[PDB]
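Here's a solo chain for you in structure tokens, the form deposited in one PDB entry.
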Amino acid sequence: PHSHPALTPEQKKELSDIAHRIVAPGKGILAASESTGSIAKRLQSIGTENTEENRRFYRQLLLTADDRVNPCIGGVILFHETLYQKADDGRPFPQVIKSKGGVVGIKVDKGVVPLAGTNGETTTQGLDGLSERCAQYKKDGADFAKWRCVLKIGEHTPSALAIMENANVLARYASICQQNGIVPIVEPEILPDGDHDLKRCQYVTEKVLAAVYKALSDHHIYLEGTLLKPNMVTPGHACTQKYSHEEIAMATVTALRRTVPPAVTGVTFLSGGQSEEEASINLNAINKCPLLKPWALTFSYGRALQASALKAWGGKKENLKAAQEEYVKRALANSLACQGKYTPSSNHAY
């Protein structure tokens, strides 16, 4: 085949530099790009009305936590709405994030859609006019993006079609992002839903990631200018057999070692509904795994970083401080976790 440089040396350096800053040692990502529809249940759990002002207040609360979170947060992913909101002092949220040493990210997909002929499987949309949207987001402060694809482990899933199609759409999204100076975070999430075990999850994860990277190669994606946001390898949420954190860490690191090229700048694990402690302990175990890991292994958590903060807030302004404290606690815990320094107090079998 013949080469037709998709990117210039300058464009590569920009993308690579951004990717490295986000996952710099001890740093991780705050995934706060929930939409009105997904954050609705969050707020209703604390009897708080889901208005634009309350969403703004809650996001301000997380974004303006004291400097203790600075060394822990390399990036913050915002939803469109939030990217254009301002703190009480009039400062745009992207500015608030940057001033704290964080890189600003933006969710760009437009949700999942049903794949006809499959057993409830989906693909993700959002490519239409994506280039122009990225150019605008870039001008408005964002340097990286989020696009979520969802795959499910079942009797006949994920199917060959679901894997191939989701891998392909992720490559398209990545290509467009890189053309506009936006570091794409590739997210092929395999849900923990089901009664499958650890080995089954490792197997599917390995097959999905191999497909993802072949697609990235086919689409001429610059890996140094990307990040990977995969599910950790864990047993199904309803799996009868139980496993230790060390087993989870081994399955996860092994799967990644067998599929993720060293060129990938970093891996930002999704929380996948895990609890704040569970997510921190597993990340720590992953970093302590005695196997060689050529990429940063950090976090990109949503509720695993917000759960306690949201609850402490309870929708009451006088609980601002108490709420931010909980967030700071999870940021500190996960910052230590991505270094294998967190303490709450035969690989051939894989």
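Position 1 is the first residue in the sequence shown; the rest follow in order.
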Unmodelled residues of the deposited sequence between residue 345 and residue 346: none, 1 to 3, 4 to 9, or 10 or more? 10 or more
On mean Cα temperature factor in this entry, is 206-214 or 72-80 the higher one? 72-80
Comparing average C-alpha B factors as deposited, tell me which of 169-177 and 263-271 sits higher. 263-271
For the C-alpha B-factor as written in the entry, point me to the maximum among 128, 189, 246, 278. 278
Checking the entry, which one of 32, 63, 286, 323 has the top C-alpha B factor? 323
Please place residue 196 in the lowest, middle or highest third of its chain according to the CA B-factor in the PDB entry. middle
Binned into thirds over the chain's modelled residues, the C-alpha B-factor of residue 236 lands in the middle
Compared with the other modelled residues in the chain, in which third is the CA B-factor of residue 121? middle
Going by the recorded CA B-factors, say which third of the chain residue 92 sits in, lowest, middle or highest. highest
Compared with the other modelled residues in the chain, in which third is the CA B-factor of residue 16? lowest
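There is also a form deposited with a partner chain bound; it is not shown, and the following applies to it.
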Which residue among 181, 272, 236, 141 has a heavy atom within 4.5 angstroms of the partner chain in the entry with it bound? 272
Within 4.5 angstroms, counting heavy atoms, which one of the listed stretches 49-57, 313-321, 297-305, 282-290 is next to the partner chain in the entry with it bound? 297-305
Is residue 189 part of the interface with the partner chain in the entry with it bound - any heavy atom within 4.5 Å? yes
Check residue 38 for me: does it contact the partner chain in the entry with it bound (non-hydrogen atoms, 4.5 angstroms)? yes
Does at least one non-hydrogen atom of residue 193 fall within 4.5 angstroms of the partner chain in the entry with it bound? yes
Check for me whether the partner chain, as it appears in the entry with it bound, comes within 4.5 angstroms of all of 34, 42 and 148 - heavy atoms only. yes
